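Just run09.cif here, mmCIF, N, CA and C atoms and all ligand atoms:
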```
data_data
#
loop_
_atom_site.label_atom_id
_atom_site.label_comp_id
_atom_site.auth_asym_id
_atom_site.auth_seq_id
_atom_site.Cartn_x
_atom_site.Cartn_y
_atom_site.Cartn_z
N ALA S 1 108.91 119.58 77.12
CA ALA S 1 108.16 120.12 76.00
C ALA S 1 108.19 119.13 74.84
N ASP S 2 107.76 117.91 75.13
CA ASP S 2 107.74 116.86 74.12
C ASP S 2 109.10 116.18 74.07
N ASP S 3 110.14 117.00 74.13
CA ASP S 3 111.50 116.49 74.10
C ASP S 3 112.19 116.80 75.42
N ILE S 4 112.66 115.74 76.07
CA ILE S 4 113.35 115.89 77.34
C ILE S 4 114.85 115.72 77.14
N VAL S 5 115.57 116.82 77.26
CA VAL S 5 117.01 116.81 77.09
C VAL S 5 117.67 116.36 78.40
N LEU S 6 118.48 115.32 78.29
CA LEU S 6 119.18 114.79 79.45
C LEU S 6 120.65 115.20 79.39
N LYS S 7 120.90 116.44 79.77
CA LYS S 7 122.26 116.96 79.76
C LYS S 7 123.23 115.86 80.18
N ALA S 8 124.14 115.54 79.27
CA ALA S 8 125.13 114.51 79.54
C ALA S 8 126.53 115.08 79.33
N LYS S 9 127.47 114.55 80.10
CA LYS S 9 128.85 115.01 80.01
C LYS S 9 129.51 114.36 78.79
N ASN S 10 128.82 113.39 78.22
CA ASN S 10 129.33 112.68 77.06
C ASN S 10 128.25 112.66 75.97
N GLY S 11 127.83 113.85 75.58
CA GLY S 11 126.81 113.98 74.55
C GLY S 11 125.41 113.99 75.17
N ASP S 12 124.59 114.91 74.69
CA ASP S 12 123.23 115.03 75.19
C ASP S 12 122.37 113.91 74.59
N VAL S 13 121.17 113.78 75.14
CA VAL S 13 120.25 112.75 74.68
C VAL S 13 118.90 113.40 74.34
N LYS S 14 118.49 113.22 73.09
CA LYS S 14 117.23 113.78 72.63
C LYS S 14 116.14 112.72 72.74
N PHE S 15 115.40 112.78 73.84
CA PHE S 15 114.32 111.84 74.07
C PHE S 15 112.96 112.54 74.06
N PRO S 16 112.11 112.09 73.15
CA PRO S 16 110.77 112.61 72.96
C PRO S 16 109.81 111.92 73.92
N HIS S 17 109.46 112.60 75.01
CA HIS S 17 108.56 112.06 76.02
C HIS S 17 107.13 111.96 75.45
N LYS S 18 106.56 113.12 75.15
CA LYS S 18 105.22 113.16 74.60
C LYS S 18 105.05 112.03 73.57
N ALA S 19 106.16 111.67 72.95
CA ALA S 19 106.16 110.62 71.96
C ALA S 19 106.17 109.26 72.66
N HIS S 20 107.04 109.15 73.66
CA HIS S 20 107.20 107.93 74.44
C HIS S 20 105.99 107.76 75.39
N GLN S 21 105.12 108.76 75.37
CA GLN S 21 103.93 108.73 76.21
C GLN S 21 103.09 107.50 75.89
N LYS S 22 103.39 106.89 74.76
CA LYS S 22 102.66 105.70 74.33
C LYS S 22 103.64 104.54 74.17
N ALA S 23 103.22 103.55 73.40
CA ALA S 23 104.05 102.38 73.15
C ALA S 23 104.25 101.62 74.47
N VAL S 24 103.47 102.01 75.46
CA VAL S 24 103.55 101.38 76.77
C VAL S 24 102.16 100.90 77.18
N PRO S 25 102.13 99.68 77.74
CA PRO S 25 100.93 99.03 78.21
C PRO S 25 99.92 100.07 78.66
N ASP S 26 100.23 100.77 79.75
CA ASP S 26 99.34 101.79 80.26
C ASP S 26 100.12 102.71 81.20
N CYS S 27 101.31 103.10 80.75
CA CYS S 27 102.16 103.97 81.54
C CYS S 27 102.35 103.35 82.92
N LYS S 28 103.23 103.96 83.70
CA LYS S 28 103.51 103.48 85.04
C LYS S 28 104.54 102.35 84.96
N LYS S 29 105.25 102.31 83.84
CA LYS S 29 106.26 101.29 83.63
C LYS S 29 107.62 101.83 84.09
N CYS S 30 107.90 103.06 83.70
CA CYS S 30 109.15 103.70 84.07
C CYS S 30 108.97 104.38 85.42
N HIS S 31 107.95 105.24 85.49
CA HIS S 31 107.62 105.98 86.70
C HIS S 31 107.29 105.00 87.84
N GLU S 32 106.49 104.00 87.52
CA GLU S 32 106.10 103.01 88.50
C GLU S 32 104.89 103.49 89.30
N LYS S 33 104.04 104.26 88.63
CA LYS S 33 102.85 104.79 89.26
C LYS S 33 103.21 106.03 90.07
N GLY S 34 103.29 107.15 89.38
CA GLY S 34 103.63 108.41 90.02
C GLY S 34 104.64 109.20 89.18
N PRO S 35 104.20 110.40 88.77
CA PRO S 35 104.99 111.31 87.97
C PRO S 35 106.07 111.95 88.83
N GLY S 36 106.60 113.08 88.37
CA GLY S 36 107.64 113.76 89.12
C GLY S 36 109.02 113.18 88.80
N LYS S 37 110.01 113.66 89.53
CA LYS S 37 111.38 113.20 89.34
C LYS S 37 111.46 111.71 89.67
N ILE S 38 112.02 110.96 88.73
CA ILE S 38 112.16 109.52 88.91
C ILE S 38 113.33 109.25 89.86
N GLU S 39 112.99 109.12 91.13
CA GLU S 39 113.99 108.85 92.15
C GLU S 39 115.30 109.56 91.80
N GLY S 40 116.40 108.87 92.07
CA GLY S 40 117.72 109.41 91.79
C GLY S 40 118.27 108.86 90.48
N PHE S 41 117.47 109.00 89.43
CA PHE S 41 117.86 108.52 88.12
C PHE S 41 119.36 108.73 87.88
N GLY S 42 120.10 107.64 88.02
CA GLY S 42 121.54 107.69 87.83
C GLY S 42 121.92 107.32 86.40
N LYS S 43 123.19 107.53 86.08
CA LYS S 43 123.68 107.22 84.75
C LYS S 43 123.61 105.71 84.52
N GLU S 44 123.76 104.97 85.61
CA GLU S 44 123.72 103.52 85.54
C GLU S 44 122.30 103.05 85.21
N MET S 45 121.33 103.72 85.82
CA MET S 45 119.94 103.38 85.61
C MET S 45 119.56 103.54 84.13
N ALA S 46 120.11 104.57 83.52
CA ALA S 46 119.84 104.84 82.12
C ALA S 46 120.08 103.57 81.30
N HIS S 47 121.33 103.12 81.30
CA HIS S 47 121.74 101.92 80.58
C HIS S 47 121.10 100.68 81.23
N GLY S 48 120.51 100.89 82.39
CA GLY S 48 119.86 99.80 83.11
C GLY S 48 118.51 99.46 82.48
N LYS S 49 117.50 99.36 83.34
CA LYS S 49 116.16 99.03 82.88
C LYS S 49 115.29 100.29 82.96
N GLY S 50 115.82 101.38 82.43
CA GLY S 50 115.10 102.64 82.44
C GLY S 50 115.52 103.52 81.25
N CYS S 51 115.82 102.85 80.15
CA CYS S 51 116.24 103.56 78.94
C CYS S 51 116.57 102.52 77.87
N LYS S 52 117.68 101.83 78.08
CA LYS S 52 118.12 100.81 77.14
C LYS S 52 117.48 99.47 77.51
N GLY S 53 117.70 99.08 78.76
CA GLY S 53 117.16 97.82 79.25
C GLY S 53 115.79 97.54 78.63
N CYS S 54 114.97 98.58 78.58
CA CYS S 54 113.63 98.45 78.02
C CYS S 54 113.76 97.85 76.62
N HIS S 55 114.22 98.69 75.68
CA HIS S 55 114.40 98.29 74.29
C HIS S 55 115.00 96.87 74.23
N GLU S 56 116.03 96.65 75.03
CA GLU S 56 116.68 95.36 75.07
C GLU S 56 115.64 94.24 75.21
N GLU S 57 114.58 94.56 75.94
CA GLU S 57 113.51 93.60 76.15
C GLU S 57 112.32 93.91 75.25
N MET S 58 111.99 95.19 75.18
CA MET S 58 110.87 95.63 74.36
C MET S 58 111.06 95.19 72.90
N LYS S 59 112.30 94.86 72.57
CA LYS S 59 112.62 94.43 71.22
C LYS S 59 112.34 95.57 70.24
N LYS S 60 112.13 96.75 70.80
CA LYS S 60 111.84 97.92 69.99
C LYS S 60 112.65 99.11 70.51
N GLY S 61 113.31 99.78 69.58
CA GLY S 61 114.13 100.93 69.92
C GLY S 61 115.60 100.69 69.58
N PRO S 62 116.38 101.77 69.65
CA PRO S 62 117.80 101.76 69.37
C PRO S 62 118.58 101.54 70.66
N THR S 63 119.71 100.85 70.56
CA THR S 63 120.52 100.58 71.73
C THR S 63 121.91 101.20 71.57
N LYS S 64 122.20 101.61 70.35
CA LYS S 64 123.49 102.23 70.05
C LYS S 64 123.60 103.56 70.79
N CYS S 65 124.83 103.97 71.01
CA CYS S 65 125.09 105.22 71.71
C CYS S 65 124.68 106.38 70.79
N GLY S 66 125.33 106.43 69.64
CA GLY S 66 125.05 107.47 68.67
C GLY S 66 123.54 107.67 68.50
N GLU S 67 122.79 106.63 68.85
CA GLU S 67 121.35 106.68 68.74
C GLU S 67 120.76 107.50 69.89
N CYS S 68 121.34 107.32 71.06
CA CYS S 68 120.88 108.03 72.24
C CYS S 68 121.71 109.31 72.38
N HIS S 69 123.03 109.13 72.39
CA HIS S 69 123.98 110.22 72.51
C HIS S 69 124.25 110.84 71.12
N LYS S 70 124.19 112.16 71.07
CA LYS S 70 124.42 112.88 69.83
C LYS S 70 125.02 114.25 70.13
N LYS S 71 125.83 114.73 69.20
CA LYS S 71 126.47 116.02 69.36
C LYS S 71 125.94 116.98 68.29
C1 LIG S 101 109.38 105.24 78.98
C2 LIG S 101 109.30 105.68 80.43
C3 LIG S 101 108.28 106.76 80.69
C4 LIG S 101 106.94 106.68 80.57
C5 LIG S 101 106.12 105.49 80.14
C6 LIG S 101 106.40 107.97 80.92
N1 LIG S 101 107.43 108.84 81.27
FE1 LIG S 101 107.20 110.64 82.15
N2 LIG S 101 109.24 110.77 82.31
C7 LIG S 101 110.18 109.83 81.91
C8 LIG S 101 111.52 110.33 82.12
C9 LIG S 101 112.78 109.59 81.79
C10 LIG S 101 111.40 111.57 82.65
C11 LIG S 101 112.49 112.51 83.05
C12 LIG S 101 112.94 112.36 84.50
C13 LIG S 101 114.16 113.23 84.79
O1 LIG S 101 114.82 113.62 83.81
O2 LIG S 101 114.40 113.48 85.99
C14 LIG S 101 109.98 111.84 82.77
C15 LIG S 101 109.44 113.03 83.29
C16 LIG S 101 108.09 113.27 83.48
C17 LIG S 101 107.55 114.47 84.08
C18 LIG S 101 108.36 115.62 84.57
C19 LIG S 101 108.17 116.91 83.78
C20 LIG S 101 107.90 116.61 82.31
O3 LIG S 101 106.98 117.25 81.75
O4 LIG S 101 108.63 115.75 81.77
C21 LIG S 101 106.20 114.33 84.09
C22 LIG S 101 105.18 115.30 84.61
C23 LIG S 101 105.90 113.05 83.51
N3 LIG S 101 107.07 112.40 83.13
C24 LIG S 101 104.60 112.53 83.34
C25 LIG S 101 104.31 111.30 82.77
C26 LIG S 101 103.01 110.68 82.80
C27 LIG S 101 101.79 111.26 83.46
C28 LIG S 101 103.11 109.50 82.15
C29 LIG S 101 102.04 108.48 81.91
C30 LIG S 101 100.91 108.51 82.94
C31 LIG S 101 104.48 109.39 81.70
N4 LIG S 101 105.20 110.50 82.08
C32 LIG S 101 104.99 108.29 80.97
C33 LIG S 101 109.89 108.58 81.37
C34 LIG S 101 108.59 108.10 81.13
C1 LIG S 102 109.06 101.05 78.57
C2 LIG S 102 110.31 100.74 77.75
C3 LIG S 102 111.05 101.95 77.28
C4 LIG S 102 111.89 102.75 77.99
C5 LIG S 102 112.28 102.61 79.43
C6 LIG S 102 112.35 103.78 77.09
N1 LIG S 102 111.79 103.62 75.84
FE1 LIG S 102 112.51 104.27 74.02
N2 LIG S 102 111.39 103.04 73.02
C7 LIG S 102 110.36 102.28 73.56
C8 LIG S 102 109.43 101.89 72.52
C9 LIG S 102 108.20 101.07 72.74
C10 LIG S 102 109.90 102.40 71.36
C11 LIG S 102 109.29 102.28 69.99
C12 LIG S 102 108.84 103.61 69.39
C13 LIG S 102 108.28 103.41 67.99
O1 LIG S 102 107.70 102.33 67.75
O2 LIG S 102 108.44 104.35 67.18
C14 LIG S 102 111.11 103.12 71.67
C15 LIG S 102 111.90 103.80 70.72
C16 LIG S 102 112.91 104.70 71.03
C17 LIG S 102 113.64 105.47 70.05
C18 LIG S 102 113.42 105.41 68.57
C19 LIG S 102 112.40 106.43 68.06
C20 LIG S 102 112.94 107.85 68.18
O3 LIG S 102 112.30 108.64 68.90
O4 LIG S 102 113.99 108.12 67.55
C21 LIG S 102 114.53 106.22 70.73
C22 LIG S 102 115.53 107.20 70.17
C23 LIG S 102 114.36 105.93 72.13
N3 LIG S 102 113.36 104.99 72.31
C24 LIG S 102 115.11 106.51 73.17
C25 LIG S 102 114.90 106.28 74.53
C26 LIG S 102 115.66 106.91 75.58
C27 LIG S 102 116.77 107.89 75.38
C28 LIG S 102 115.16 106.45 76.75
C29 LIG S 102 115.61 106.79 78.14
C30 LIG S 102 115.48 108.27 78.49
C31 LIG S 102 114.10 105.53 76.43
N4 LIG S 102 113.94 105.44 75.06
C32 LIG S 102 113.33 104.83 77.38
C33 LIG S 102 110.22 101.94 74.90
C34 LIG S 102 110.99 102.49 75.94
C1 LIG S 103 119.02 104.12 75.23
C2 LIG S 103 119.77 105.44 75.31
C3 LIG S 103 121.23 105.30 75.60
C4 LIG S 103 122.13 104.51 74.99
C5 LIG S 103 121.90 103.56 73.84
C6 LIG S 103 123.40 104.73 75.63
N1 LIG S 103 123.28 105.66 76.64
FE1 LIG S 103 124.74 106.46 77.80
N2 LIG S 103 123.39 107.56 78.75
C7 LIG S 103 122.03 107.66 78.49
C8 LIG S 103 121.41 108.59 79.40
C9 LIG S 103 119.95 108.95 79.41
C10 LIG S 103 122.39 109.06 80.21
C11 LIG S 103 122.26 110.06 81.32
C12 LIG S 103 122.15 111.51 80.85
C13 LIG S 103 121.62 112.41 81.96
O1 LIG S 103 120.45 112.20 82.34
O2 LIG S 103 122.39 113.29 82.40
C14 LIG S 103 123.62 108.43 79.81
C15 LIG S 103 124.87 108.65 80.41
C16 LIG S 103 126.07 108.09 79.99
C17 LIG S 103 127.33 108.28 80.65
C18 LIG S 103 127.54 109.10 81.89
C19 LIG S 103 127.06 110.54 81.76
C20 LIG S 103 128.13 111.52 82.23
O3 LIG S 103 128.04 111.93 83.41
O4 LIG S 103 129.01 111.84 81.41
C21 LIG S 103 128.25 107.58 79.95
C22 LIG S 103 129.72 107.46 80.23
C23 LIG S 103 127.57 106.96 78.84
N3 LIG S 103 126.22 107.28 78.88
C24 LIG S 103 128.18 106.15 77.88
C25 LIG S 103 127.50 105.45 76.89
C26 LIG S 103 128.14 104.55 75.94
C27 LIG S 103 129.61 104.26 75.90
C28 LIG S 103 127.16 104.06 75.14
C29 LIG S 103 127.30 103.10 74.01
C30 LIG S 103 128.29 101.96 74.27
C31 LIG S 103 125.92 104.65 75.59
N4 LIG S 103 126.14 105.50 76.66
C32 LIG S 103 124.67 104.39 75.00
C33 LIG S 103 121.35 106.96 77.50
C34 LIG S 103 121.94 106.02 76.63
#
```

Spit out the file's structure as structure tokens when you get a sec.
Amino acid sequence: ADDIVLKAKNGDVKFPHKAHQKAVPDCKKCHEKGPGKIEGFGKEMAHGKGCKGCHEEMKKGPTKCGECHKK
């Protein structure tokens, strides 16, 4: 519903999808062409190239934990 809560054992993550729906070439960057559950999105993938990794390269976004993780 615009905001996708990623229940975490170490603080939840408030990620605005409807918001992230843009700022991307033409979507299909994360999904890889196809909606639905993104494979077995693991905790490693998050910090990988499917959450942070992006920003790390996108040069846009927060990389801090408190930025992603919040109580
Ligand atoms: C920045 C990466 C990214 C982009 C770009 C993106 N999404 Fe998502 N999308 C996600 C993530 C992360 C989830 C949550 C997957 C999970 O939690 O299992 C998700 C979940 C979804 C879901 C599952 C239910 C829901 O409503 O969230 C749908 C449907 C979806 N995306 C559609 C799209 C479509 C269609 C596009 C563009 C054509 C798009 N998304 C663009 C990251 C992205
Ligand atoms: C395709 C690369 C990409 C991926 C993957 C991606 N994002 Fe972003 N992120 C961006 C872009 C682009 C912006 C810039 C948004 C702006 O300009 O306001 C951004 C900005 C943000 C911001 C700052 C704006 C805000 O809403 O507070 C947060 C927080 C954020 N991302 C969290 C996440 C989280 C959490 C995930 C993983 C579920 C994620 N992002 C996955 C591209 C990505
Ligand atoms: C760009 C957003 C983002 C940033 C920055 C980030 N994380 Fe994460 N982290 C996530 C997401 C998303 C998950 C998975 C949550 C889910 O989907 O259940 C996660 C999961 C985790 C998990 C495992 C989840 C569990 O099962 O408890 C740990 C540990 C973790 N993060 C530690 C950190 C630490 C430490 C930092 C800072 C040094 C950090 N994270 C910063 C997005 C981020």

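The space separating atom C23 of ligand LIG 101 (chain S) from atom C of residue 29 in chain S comes to 11.4 Å.
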
Grab the atom N of residue 45 in chain S to atom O2 of ligand LIG 103 (chain S) distance for me, in Å with one decimal place.
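If I compute the distance from atom N of residue 45 in chain S to atom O2 of ligand LIG 103 (chain S), I get 10.2 Å.
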
What residues have any atom no more than 5 Å from ligand LIG 102 (chain S) when counting all atoms listed in the file, and can you list them as a PyMOL selection string?
chain S and resi 15+23+50-51+54-55+60-62

Writer output for current selection, N, CA and C atoms, as a PDB file, keeping the file's coordinate frame:
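Produced file again07.pdb, reproduced below:
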```pdb
ATOM      1  N   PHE S  15     115.400 112.780  73.840  1.00  0.00           N
ATOM      2  CA  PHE S  15     114.320 111.840  74.070  1.00  0.00           C
ATOM      3  C   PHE S  15     112.960 112.540  74.060  1.00  0.00           C
ATOM      4  N   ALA S  23     103.220 103.550  73.400  1.00  0.00           N
ATOM      5  CA  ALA S  23     104.050 102.380  73.150  1.00  0.00           C
ATOM      6  C   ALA S  23     104.250 101.620  74.470  1.00  0.00           C
ATOM      7  N   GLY S  50     115.820 101.380  82.430  1.00  0.00           N
ATOM      8  CA  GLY S  50     115.100 102.640  82.440  1.00  0.00           C
ATOM      9  C   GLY S  50     115.520 103.520  81.250  1.00  0.00           C
ATOM     10  N   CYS S  51     115.820 102.850  80.150  1.00  0.00           N
ATOM     11  CA  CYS S  51     116.240 103.560  78.940  1.00  0.00           C
ATOM     12  C   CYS S  51     116.570 102.520  77.870  1.00  0.00           C
ATOM     13  N   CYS S  54     114.970  98.580  78.580  1.00  0.00           N
ATOM     14  CA  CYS S  54     113.630  98.450  78.020  1.00  0.00           C
ATOM     15  C   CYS S  54     113.760  97.850  76.620  1.00  0.00           C
ATOM     16  N   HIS S  55     114.220  98.690  75.680  1.00  0.00           N
ATOM     17  CA  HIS S  55     114.400  98.290  74.290  1.00  0.00           C
ATOM     18  C   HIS S  55     115.000  96.870  74.230  1.00  0.00           C
ATOM     19  N   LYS S  60     112.130  96.750  70.800  1.00  0.00           N
ATOM     20  CA  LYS S  60     111.840  97.920  69.990  1.00  0.00           C
ATOM     21  C   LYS S  60     112.650  99.110  70.510  1.00  0.00           C
ATOM     22  N   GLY S  61     113.310  99.780  69.580  1.00  0.00           N
ATOM     23  CA  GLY S  61     114.130 100.930  69.920  1.00  0.00           C
ATOM     24  C   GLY S  61     115.600 100.690  69.580  1.00  0.00           C
ATOM     25  N   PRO S  62     116.380 101.770  69.650  1.00  0.00           N
ATOM     26  CA  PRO S  62     117.800 101.760  69.370  1.00  0.00           C
ATOM     27  C   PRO S  62     118.580 101.540  70.660  1.00  0.00           C
TER      28      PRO S  62
END
```

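We find atom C10 of ligand LIG 103 (chain S) and atom C of residue 37 in chain S to be spaced 14.7 Å apart.
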
With all atoms listed in the file counted and 5 Å as the cut-off, give the residues of chain S in contact with ligand LIG 103 (chain S), each with its shortest interatomic distance in Å and the pair that gives it, as JSON lines.
```
{"residue": "S:6", "atom": "C", "partner": "S:LIG103", "partner_atom": "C13", "distance": 3.9}
{"residue": "S:7", "atom": "C", "partner": "S:LIG103", "partner_atom": "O2", "distance": 3.5}
{"residue": "S:8", "atom": "CA", "partner": "S:LIG103", "partner_atom": "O2", "distance": 4.1}
{"residue": "S:9", "atom": "N", "partner": "S:LIG103", "partner_atom": "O4", "distance": 3.4}
{"residue": "S:10", "atom": "N", "partner": "S:LIG103", "partner_atom": "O4", "distance": 3.6}
{"residue": "S:43", "atom": "CA", "partner": "S:LIG103", "partner_atom": "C11", "distance": 4.7}
{"residue": "S:46", "atom": "CA", "partner": "S:LIG103", "partner_atom": "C8", "distance": 4.9}
{"residue": "S:51", "atom": "C", "partner": "S:LIG103", "partner_atom": "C1", "distance": 3.9}
{"residue": "S:52", "atom": "N", "partner": "S:LIG103", "partner_atom": "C1", "distance": 3.9}
{"residue": "S:63", "atom": "C", "partner": "S:LIG103", "partner_atom": "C5", "distance": 3.3}
{"residue": "S:64", "atom": "C", "partner": "S:LIG103", "partner_atom": "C5", "distance": 3.5}
{"residue": "S:65", "atom": "CA", "partner": "S:LIG103", "partner_atom": "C32", "distance": 3.4}
{"residue": "S:68", "atom": "CA", "partner": "S:LIG103", "partner_atom": "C2", "distance": 4.2}
```

Keeping N, CA and C atoms, export the residues of the selection given above as a PDB file, in the coordinates of the input.
```
ATOM      1  N   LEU S   6     118.480 115.320  78.290  1.00  0.00           N
ATOM      2  CA  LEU S   6     119.180 114.790  79.450  1.00  0.00           C
ATOM      3  C   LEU S   6     120.650 115.200  79.390  1.00  0.00           C
ATOM      4  N   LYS S   7     120.900 116.440  79.770  1.00  0.00           N
ATOM      5  CA  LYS S   7     122.260 116.960  79.760  1.00  0.00           C
ATOM      6  C   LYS S   7     123.230 115.860  80.180  1.00  0.00           C
ATOM      7  N   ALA S   8     124.140 115.540  79.270  1.00  0.00           N
ATOM      8  CA  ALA S   8     125.130 114.510  79.540  1.00  0.00           C
ATOM      9  C   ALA S   8     126.530 115.080  79.330  1.00  0.00           C
ATOM     10  N   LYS S   9     127.470 114.550  80.100  1.00  0.00           N
ATOM     11  CA  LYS S   9     128.850 115.010  80.010  1.00  0.00           C
ATOM     12  C   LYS S   9     129.510 114.360  78.790  1.00  0.00           C
ATOM     13  N   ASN S  10     128.820 113.390  78.220  1.00  0.00           N
ATOM     14  CA  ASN S  10     129.330 112.680  77.060  1.00  0.00           C
ATOM     15  C   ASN S  10     128.250 112.660  75.970  1.00  0.00           C
ATOM     16  N   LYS S  43     123.190 107.530  86.080  1.00  0.00           N
ATOM     17  CA  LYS S  43     123.680 107.220  84.750  1.00  0.00           C
ATOM     18  C   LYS S  43     123.610 105.710  84.520  1.00  0.00           C
ATOM     19  N   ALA S  46     120.110 104.570  83.520  1.00  0.00           N
ATOM     20  CA  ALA S  46     119.840 104.840  82.120  1.00  0.00           C
ATOM     21  C   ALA S  46     120.080 103.570  81.300  1.00  0.00           C
ATOM     22  N   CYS S  51     115.820 102.850  80.150  1.00  0.00           N
ATOM     23  CA  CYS S  51     116.240 103.560  78.940  1.00  0.00           C
ATOM     24  C   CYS S  51     116.570 102.520  77.870  1.00  0.00           C
ATOM     25  N   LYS S  52     117.680 101.830  78.080  1.00  0.00           N
ATOM     26  CA  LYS S  52     118.120 100.810  77.140  1.00  0.00           C
ATOM     27  C   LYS S  52     117.480  99.470  77.510  1.00  0.00           C
ATOM     28  N   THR S  63     119.710 100.850  70.560  1.00  0.00           N
ATOM     29  CA  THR S  63     120.520 100.580  71.730  1.00  0.00           C
ATOM     30  C   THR S  63     121.910 101.200  71.570  1.00  0.00           C
ATOM     31  N   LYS S  64     122.200 101.610  70.350  1.00  0.00           N
ATOM     32  CA  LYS S  64     123.490 102.230  70.050  1.00  0.00           C
ATOM     33  C   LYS S  64     123.600 103.560  70.790  1.00  0.00           C
ATOM     34  N   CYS S  65     124.830 103.970  71.010  1.00  0.00           N
ATOM     35  CA  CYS S  65     125.090 105.220  71.710  1.00  0.00           C
ATOM     36  C   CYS S  65     124.680 106.380  70.790  1.00  0.00           C
ATOM     37  N   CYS S  68     121.340 107.320  71.060  1.00  0.00           N
ATOM     38  CA  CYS S  68     120.880 108.030  72.240  1.00  0.00           C
ATOM     39  C   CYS S  68     121.710 109.310  72.380  1.00  0.00           C
TER      40      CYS S  68
END
```

For ligand LIG 101 (chain S), collect every residue having any atom at a distance of at most 8 Å from a ligand atom (counting only N, CA and C atoms and all ligand atoms); output as a VMD selection string.
chain S and resid 1 to 7 17 to 18 20 to 41 50 to 51

Strand (DSSP E) residues, from DSSP on the backbone, in chain S, as JSON, numbers by chain:
{"S": [3, 4, 5, 12, 13, 14, 15, 16, 69, 70]}

Go ahead and save the residues from that selection, with N, CA and C atoms, as a compact mmCIF listing (two decimals), in the coordinates of the input.
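selection23.txt, written as the output of this step:
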```txt
# COMPACT_ATOMS: atom_id res chain seq x y z
N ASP S 3 110.14 117.00 74.13
CA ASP S 3 111.50 116.49 74.10
C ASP S 3 112.19 116.80 75.42
N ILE S 4 112.66 115.74 76.07
CA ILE S 4 113.35 115.89 77.34
C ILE S 4 114.85 115.72 77.14
N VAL S 5 115.57 116.82 77.26
CA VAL S 5 117.01 116.81 77.09
C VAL S 5 117.67 116.36 78.40
N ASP S 12 124.59 114.91 74.69
CA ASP S 12 123.23 115.03 75.19
C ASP S 12 122.37 113.91 74.59
N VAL S 13 121.17 113.78 75.14
CA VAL S 13 120.25 112.75 74.68
C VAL S 13 118.90 113.40 74.34
N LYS S 14 118.49 113.22 73.09
CA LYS S 14 117.23 113.78 72.63
C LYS S 14 116.14 112.72 72.74
N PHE S 15 115.40 112.78 73.84
CA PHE S 15 114.32 111.84 74.07
C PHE S 15 112.96 112.54 74.06
N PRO S 16 112.11 112.09 73.15
CA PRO S 16 110.77 112.61 72.96
C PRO S 16 109.81 111.92 73.92
N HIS S 69 123.03 109.13 72.39
CA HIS S 69 123.98 110.22 72.51
C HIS S 69 124.25 110.84 71.12
N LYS S 70 124.19 112.16 71.07
CA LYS S 70 124.42 112.88 69.83
C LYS S 70 125.02 114.25 70.13
```

Which of chain S counts as alpha helix (DSSP H) under DSSP, as a list in words please?
residues 17, 18, 19, 20, 43, 44, 45, 46, 47, 52, 53, 54, 55, 56, 57, 58, 65, 66, 67 and 68 of chain S

Box along x, y and z, 4 Å on every side, all listed atoms of range 5-9 of chain S inside: centre and edge lengths in Å to one decimal, as lines of an AutoDock Vina configuration file.
```
center_x = 122.5
center_y = 115.7
center_z = 78.6
size_x = 21.9
size_y = 10.6
size_z = 11.1
```

Between S:42, S:56, S:49, S:67, which is the closest to residue 14 in chain S once you count all atoms listed in the file?
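Selected residue with least distance to residue 14 in chain S: S:67.
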